[PDB]
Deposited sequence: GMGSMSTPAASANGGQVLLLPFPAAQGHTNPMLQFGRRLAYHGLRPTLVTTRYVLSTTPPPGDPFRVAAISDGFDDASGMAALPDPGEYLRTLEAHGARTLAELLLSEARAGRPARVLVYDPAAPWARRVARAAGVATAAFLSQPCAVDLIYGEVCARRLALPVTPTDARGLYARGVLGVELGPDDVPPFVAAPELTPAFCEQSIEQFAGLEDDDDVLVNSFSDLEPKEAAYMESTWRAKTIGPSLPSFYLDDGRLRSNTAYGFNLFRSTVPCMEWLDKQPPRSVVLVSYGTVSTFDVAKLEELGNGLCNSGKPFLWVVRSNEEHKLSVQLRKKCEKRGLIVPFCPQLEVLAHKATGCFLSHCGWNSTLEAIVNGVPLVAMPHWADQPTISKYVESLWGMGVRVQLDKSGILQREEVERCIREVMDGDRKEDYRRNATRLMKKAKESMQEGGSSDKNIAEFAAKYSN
């Protein structure tokens, strides 16, 4: 089979690799999703065409990340148990008459490539972040840039035609520009690339037209092939596609609420599945939303919602809806959706692009500051919130950015760019498109 090993944490996102796997199954390959025992027992399996299998991260009954909140210690524990149990899985698969043909893995777990290579299984790295960020990490790994990475280093790469934007201090990836703040994440980011040259294939969830210089450099430097955006075929208009109302229509109550709002009127608001906001930050964000006067759909996770006051929740009742989780793709495809106030995680960004939704970017760390710069400066599909002198986001700034995207003199600029990139994203994944071609090549290689 083809084994698919997304980053084996509950906080990891399996769907981009599953959508790659669905495309491989269309070409006749047989995919298995490999997750932790904890994830397997706490989420529904993917269903046809997938098998499921498990490894362990040390914690089969509880969440390893809650147990081990120091990131370095969680990652060392995952490596020790994961590598052992992955080896055991490769053997048990072979003994069950399903020897793995290839292991597709997120190199944010680079021990997986060692284990598979030692089992004589081909390996394909699946980069889950944008080429722009990936190449900066790769230059550090390759010892072409020292730590910390500076805006001067970034300006060099722009000048050499590698980066298509000039990154300032608030735009360079903090895990390498401020590595003392997050030692384990700095190491994780760089070690993604350590030994990547030994893989059979290297894949990235992006498309060439979005980041042309960066994807070209990733291809020539790391053999990376673009295979995205790795989203459901429906949202890419890929029939293997006529008039636009979502045929993949759920019963989720927030969708009923969106159905009653006017076209392009609603602000979707999410800071993703990992970041935590303190009470003060939630208060500035929620008041900004209320102060905007727009309808809004605010995702506040179950594990965060204790921080919302009664009074702010009531204020949000006037025009807003607060939910713990939404069907974000379905939301973004909805005719009522006008803009997305996002932390600019890459999956959320790609989902916004495929649906032509303009962005208000509120980045925290990882790839988000970089993505937010591309959003505002190269892609032109939205604006980034400006923090005050002490690094605080103020309610007045939240409000001003919402208004600027929905009502400002440049409203039509952001919409125009979003629509333009939407069309190119779809093209890339349709038959004969730049990403589709790389998927087909891979599939033939492993048939």
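Q: Quick one: where does the model skip the deposited sequence?
A: Unmodelled stretches: 1 to 15, 256 to 259, 467.
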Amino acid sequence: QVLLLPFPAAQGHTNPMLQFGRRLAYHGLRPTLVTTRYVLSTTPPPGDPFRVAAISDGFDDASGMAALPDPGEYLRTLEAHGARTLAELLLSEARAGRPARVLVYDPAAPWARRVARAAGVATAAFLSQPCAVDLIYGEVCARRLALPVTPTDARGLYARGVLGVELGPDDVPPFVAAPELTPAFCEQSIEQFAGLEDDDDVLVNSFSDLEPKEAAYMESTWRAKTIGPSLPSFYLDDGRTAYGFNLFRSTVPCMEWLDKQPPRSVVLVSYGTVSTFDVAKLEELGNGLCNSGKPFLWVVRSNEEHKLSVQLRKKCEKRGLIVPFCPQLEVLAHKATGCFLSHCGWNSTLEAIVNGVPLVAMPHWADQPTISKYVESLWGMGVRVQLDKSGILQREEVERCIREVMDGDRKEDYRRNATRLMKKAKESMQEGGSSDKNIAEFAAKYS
From here on, numbers count along this sequence of modelled residues.
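Q: Pick between 282 to 290 and 116 to 124: the one whose mean CA B-factor in the entry is higher.
A: In the deposited entry, the stretch with the higher C-alpha B-factor mean is 116 to 124.
Q: Can you let me know which of the two, 270 to 278 or 126 to 134, has the higher average C-alpha B-factor in the entry?
A: Per the deposited B-factors, the answer is 270 to 278.
Q: I'd like to know which of 398, 418, 383, 39 has the highest C-alpha temperature factor in the PDB entry.
A: Of the candidates given, the C-alpha B-factor peaks at 39.
Q: Which one of 378, 33, 405, 62 shows the top CA temperature factor in the record?
A: Each of 378, 33, 405, 62 was compared by C-alpha B-factor; the highest is 62.
Q: Could you say whether, by C-alpha temperature factor, residue 221 belongs to the lowest, middle or highest third of its chain?
A: Lowest third of the chain for residue 221's C-alpha B-factor.
Q: Split the chain's modelled residues into thirds by Cα B-factor; is residue 343 in the lowest, middle or highest one?
A: For residue 343, the deposited C-alpha B-factor lands in the lowest third.
Q: Using the B-factor values recorded in the entry, state whether the Cα atom of residue 236 falls in the lowest, middle or highest third among the modelled residues of its chain.
A: Middle third, going by the recorded CA B-factors of the chain.
Q: Going by what the PDB entry lists, where does residue 185 fall on CA B-factor within its chain: lowest, middle or highest third?
A: Middle third of the chain for residue 185's C-alpha B-factor.
Q: Select lowest, middle or highest to describe the third in which the CA B-factor of residue 435 falls within its chain in this entry.
A: Residue 435: CA B-factor falls in the lowest third of its chain.
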